[PDB]
Number of protein chains: 2
Amino acid sequence: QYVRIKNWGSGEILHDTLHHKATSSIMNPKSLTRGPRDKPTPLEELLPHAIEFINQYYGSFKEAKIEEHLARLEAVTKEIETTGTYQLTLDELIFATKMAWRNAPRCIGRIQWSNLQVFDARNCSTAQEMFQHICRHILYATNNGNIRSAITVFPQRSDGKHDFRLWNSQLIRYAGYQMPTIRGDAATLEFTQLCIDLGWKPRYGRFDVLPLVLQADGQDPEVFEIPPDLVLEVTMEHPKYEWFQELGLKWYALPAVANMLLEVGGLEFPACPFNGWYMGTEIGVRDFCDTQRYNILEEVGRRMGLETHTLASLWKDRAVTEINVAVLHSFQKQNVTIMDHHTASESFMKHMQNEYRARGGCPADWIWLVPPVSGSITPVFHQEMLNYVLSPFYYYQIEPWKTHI
Amino acid sequence: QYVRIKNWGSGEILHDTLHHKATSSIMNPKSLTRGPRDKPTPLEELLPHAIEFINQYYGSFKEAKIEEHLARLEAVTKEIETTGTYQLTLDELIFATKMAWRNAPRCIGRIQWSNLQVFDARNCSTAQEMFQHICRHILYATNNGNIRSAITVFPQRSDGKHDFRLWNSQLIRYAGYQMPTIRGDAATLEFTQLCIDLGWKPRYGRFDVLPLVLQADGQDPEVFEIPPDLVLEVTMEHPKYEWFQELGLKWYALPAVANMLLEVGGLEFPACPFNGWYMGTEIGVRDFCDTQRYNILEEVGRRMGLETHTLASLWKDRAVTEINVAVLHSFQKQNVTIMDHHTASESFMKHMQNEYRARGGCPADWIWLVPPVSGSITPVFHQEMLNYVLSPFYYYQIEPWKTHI
Ligand code: MH0
Ligand code: MH0
Ligand SMILES: C[C@H](O)[C@H](O)[C@H]1CNc2nc(N)[nH]c(=O)c2N1
Ligand SMILES: C[C@H](O)[C@H](O)[C@H]1CNc2nc(N)[nH]c(=O)c2N1
């Protein structure tokens, strides 16, 4: 069967068949969260999940590998009977990570899905070994500002009481402090409190990089400071407004999300931080202009000398645009990979067209793929989308501090 | 029971209970369309629909009217047994129209829901009487540019073969012609063809107001030209860019949608055109800047002397903003009611807060309530919403030319 979807700009029609392979405006709906266990994954659930994955994998090549396909089926089964689980071949993992990314309905850069570097840290055992792996990560991805997509996969959930887990929301992330006002990133107020509760030394700034809070093999969490030589940053200049530097703003160059779970073949890797690179509006519009974060918009408004007291003047529409201009300009001047949202949007549309011919669909969350400024000016606004959870997948998780033992 | 929803800006939480009273990114999903019948509405369906409505109605006052409530229950029933349907008291209709509007999940102006003027034309019998009613409408609403919300309700669907139906998508709407290119509003190309097929005289302009194509008591459709004295328009001036007038643009002042069905109390009024007033971005961003309509954006780009050949320059973000500035400025100069999207957004948020205390919910379609430019700058972006179909309701319908008999 299938579902007809229309792009209202080009008038083009597309038929979705891929949604049949799905599973069972809210930001964190339960359907997108994968929570804790306290007992291993039942064998009858696990086995056909594994068999299906192994078939996806061996079903991806141009030349079938029916011998090793058949061999890997038996091998995987025998392993599950004898050990109660299994381990993925390195190529399987690589394939899983790119696939899960391919299946991230809230991501706009998925034209890049087969261009990812994978770090196998499935043999990590302690917090300090995590912290070293994360440091290798931050350094590989950052590449002196020529950002590279990478993921570090840590040991899979086994029984569920030995979970490896980054407590951070992103690898680099500015601290936010309540004050004697709020200084820094107000979004990380509660998490900053947590770092302080665990002995981290607050420096009370607007751009103080938070510490990695790591938990290995179910252990209690240990606090690590990131070597500032590793954290690359971009100071904000506007290419015509000389006064923009006086706002004294910067942002980190590495958008690396830390707290999501990779589901694959019946397995769960609750620690698999990954990174892409920035799309300007994340910093320009969300980080700098959300009232709940930094909230510069009224100030850039006042310094442009606009009528910031009458909404019908569209001064907000003029301010934010220049801020976006600041960010894109500052990233290019200092050689840090970035993409403006117009370009990203056209890129995604190309991807979708490629994904529909290749496999008859592309899961997509309109509410996320449309930029937070200039919606209908981008082509993604006009494209109808179906949103569905396939496998593998990157799920959200419950905040570990609400469930630590 | 209930559902928890978060506003991520204020951090405020709201509990939705109203969704329990619901019924059974795609623009026209079937769940939002109410199509044709060929036999009357079965009595067993109709009766509890009517009883429920009558209870909603008599349940709305501060002082109960239990006698007339009870009386109206019997009266309505007796009428349905004897006549196979019923007729609403004028106050019932008024109440129904405002309620259905209150229940329009894709509308942003609903703080105005109890401020509507109702024209009872349920006794219309012929096309010419429709056309006169529509003319009274256009004239009342337009009010010399001080726009007033109004609706004209025509006779309810009875058997389903005598349906009253406006074939227009809106009352005022510019024509679009294929050319020896495309001139005018490309969105109304197919409908313009239809008007021409029925004898209307094409004038081949960019802003030629289309004719009302009316169908009464199931009859074939008759074509009427709207008296230009009734169609009020705003010519576009930019208050700093002298060259904006040379684009030679204007738009009509009356946004009046013609083709939706009012469902109420088991009844269907397939002809009930209504109007509000404009929110700038409809004209500024959609009508003028959608590639599929008018598509001025590259031209205003070139005349601003911006680098319209490099997307990372954000020239699209600068152009569109000024166009929005043109529209808002031209409507105010010429005394035509209009509202900018920042203001509308704050207005809706106030409404939602009022709707949740008053009746524990507000149906809402995020994908529609968020303006097509400057999403996260408006508060509506950050508010989680639940979208559900209540009753009464304004449904979409199937294009009548695909089903005319
Ligand atoms: C393999 C993992 C992965 C990689 C690599 C990846 C690479 C990239 N991404 Fe992107 N992307 C990935 C998976 C996601 C997820 C799962 C989400 C949504 C997560 C969430 O709920 O916050 C996401 N990406 C979300 C986003 C968002 C929006 C985030 C937000 O607004 O909060 C952007 C702009 C984005 N991406 C762009 C990009 C770009 C550009 C690249 C590089 C080409
Ligand atoms: C009682 C009927 C009704 C009235 C009166 C009404 C009055 C108003 N409205 Fe609004 N509104 C109504 C019911 C709707 C519907 C049913 C829709 C969506 C219809 C559709 O699918 O195209 C809608 N309104 C849609 C809209 C839209 C978006 C339309 C689009 O993008 O295509 C806007 C901007 C809007 N309104 C604003 C307003 C304003 C401002 C007022 C005046 C206060
Ligand atoms: C409430 C609403 O879902 C929320 O604000 C969403 C909107 N769409 C988004 N889209 C992206 N890319 N990132 C976000 O954080 C959000 N937030
Ligand atoms: C495909 C997508 O649903 C479509 O472009 C929608 C998006 N949201 C909208 N919102 C409004 N107000 N009006 C519209 O026409 C649309 N179109």
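Computed from the coordinates by the stated procedures, all read-outs in this text should not be read as laboratory data. Every residue, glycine as well, gets a Cβ built from its backbone with ideal geometry; the counts of neighbours run over all protein chains shown.
Observations, loosely collected:
- Listed by first and then second residue, the pairs linking a residue in the range B:358-377 that is more than 17 Å from residue B:27 (Cα to Cα) and more than 7 Å from chain A (Cβ to nearest Cβ) to a residue that is within 16 Å of ligand 1 (Cβ to nearest atom) and in a loop (DSSP other than H, G, I, E, B), with Cβ atoms under 8 Å apart and 6 or more places separating them unless they lie on different chains, form an empty list.
- The lone criterion from (1) β-branched (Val, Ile, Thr); (2) in a helix (DSSP H, G or I); (3) away from ligand 1 (no atom under 12 Å from the Cβ); (4) over 17 Å from residue B:316 (Cβ atoms) left unmet by residue A:336 is number (2).
- Within the range A:176-201, the set of residues being within 23 Å of residue A:130 (Cβ to Cβ) and part of a loop (DSSP other than H, G, I, E, B) comprises A:198, A:199, A:200, A:201.
- Whether a residue is within 16 Å of ligand 3 (Cβ to nearest atom), touching a strand residue (DSSP E or B) at 6+ places or on another chain (Cβ under 8 Å), at the interface with chain A (Cβ under 7 Å from one of its Cβ atoms) and of a type outside the set (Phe, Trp, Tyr) was assessed, and residue B:385 passes this test.
- Count - residues of the range A:319-329 that are of a type outside the set (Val, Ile, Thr) and closer than 14 Å to residue A:296 by Cβ: 4
Residue-wise test of (1) within 16 Å of ligand 4 (Cβ to nearest atom); (2) of a type in the set (S, T, N, Q); (3) not in a helix (DSSP H, G or I).
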{"site": "B:285", "(1), (2), (3)": "yes, no, no"}
{"site": "B:294", "(1), (2), (3)": "yes, no, yes"}
{"site": "B:306", "(1), (2), (3)": "no, no, yes"}
{"site": "B:346", "(1), (2), (3)": "no, no, no"}
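- Residues that are hydroxyl-bearing (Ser, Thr, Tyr) and either more than 14 Å from chain B (Cβ to nearest Cβ) or under 30 Å from residue A:169 (Cβ atoms) (or both), drawn from the range A:3-60: A:17, A:23, A:24, A:25, A:31, A:33, A:41, A:57, A:58, A:60
- Number of the exception - residue A:333 against (1) in contact with a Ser or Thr (Cβ under 8 Å, 6 or more places away or on another chain); (2) more than 16 Å from ligand 4 (Cβ to nearest atom): (1)
- Tabulated pairs, the range A:333-357, first within 13 Å of another protein chain (Cβ to nearest Cβ), second small (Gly, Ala, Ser), C-beta under 6 angstrom, 6+ apart or interchain: A:338/A:280; A:340/A:280; A:340/B:312
- Residue in the range B:122-137 that is among the β-branched types (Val, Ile, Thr), within 14 Å of residue B:271 (Cα to Cα) and either away from ligand 2 (no atom under 11 Å from the Cβ) or away from chain A (no Cβ under 14 Å) (or both) present: yes
- Verdict on residue A:182 being away from ligand 1 (no atom under 16 Å from the Cβ) and more than 14 Å from chain B (Cβ to nearest Cβ): no
- Among (1) within 26 Å of residue A:153 (Cβ to Cβ); (2) over 22 Å from the mean Cα position of the chain (by Cα); (3) within 15 Å of ligand 1 (Cβ to nearest atom), the one test that residue A:393 misses: (2)
- Residue match in the range B:14-37 (condition: surrounded by 13 or more Cβ atoms within 10 Å (Cβ to Cβ), within 16 Å of ligand 3 (Cβ to nearest atom) and either acidic (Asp, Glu) or more than 24 Å from residue A:369 (Cα to Cα) (or both)): yes
- Residues of the range B:246-259 that are part of a helix (DSSP H, G or I) and surrounded by 15 or more Cβ atoms within 10 Å (Cβ to Cβ): B:247 alone.
- Hey, residue B:357 out of contact with any helix residue (DSSP H, G or I) (no Cβ under 9 Å at 6 or more places or on another chain) and in a helix (DSSP H, G or I) or not: yes
- Search result, residues across the range B:222-236 that are closer than 30 Å to residue B:405 by Cα and in contact with a helix residue (DSSP H, G or I) (Cβ under 8 Å, 6 or more places away or on another chain): B:222, B:223, B:224, B:226, B:227
- Looking only at the range A:308-325, and only at residues there that are within 11 Å of chain B (Cβ to nearest Cβ) and outside any helix (DSSP H, G or I), the one that is farthest from residue A:374 (Cα to Cα): A:310
- Residues of the range B:1-32 satisfying the condition of being closer than 20 Å to residue B:367 by Cα and in a loop (DSSP other than H, G, I, E, B): B:8, B:9, B:22, B:25, B:26, B:27, B:28, B:29
- Given (1) farther than 26 Å from residue B:290 by Cα; (2) more than 16 Å from ligand 3 (Cβ to nearest atom); (3) outside any helix (DSSP H, G or I), number of the condition residue B:398 does not satisfy: (1)
- Residue count for the range B:81-132 satisfying the condition of being within 16 Å of ligand 3 (Cβ to nearest atom) and under 26 Å from residue B:211 (Cα atoms): 0.
- Hey, residue A:219 outside any strand (DSSP E or B) and either within 21 Å of the chain's Cα centre (by Cα) or under 24 Å from residue A:270 (Cβ atoms) (or both) or not: yes
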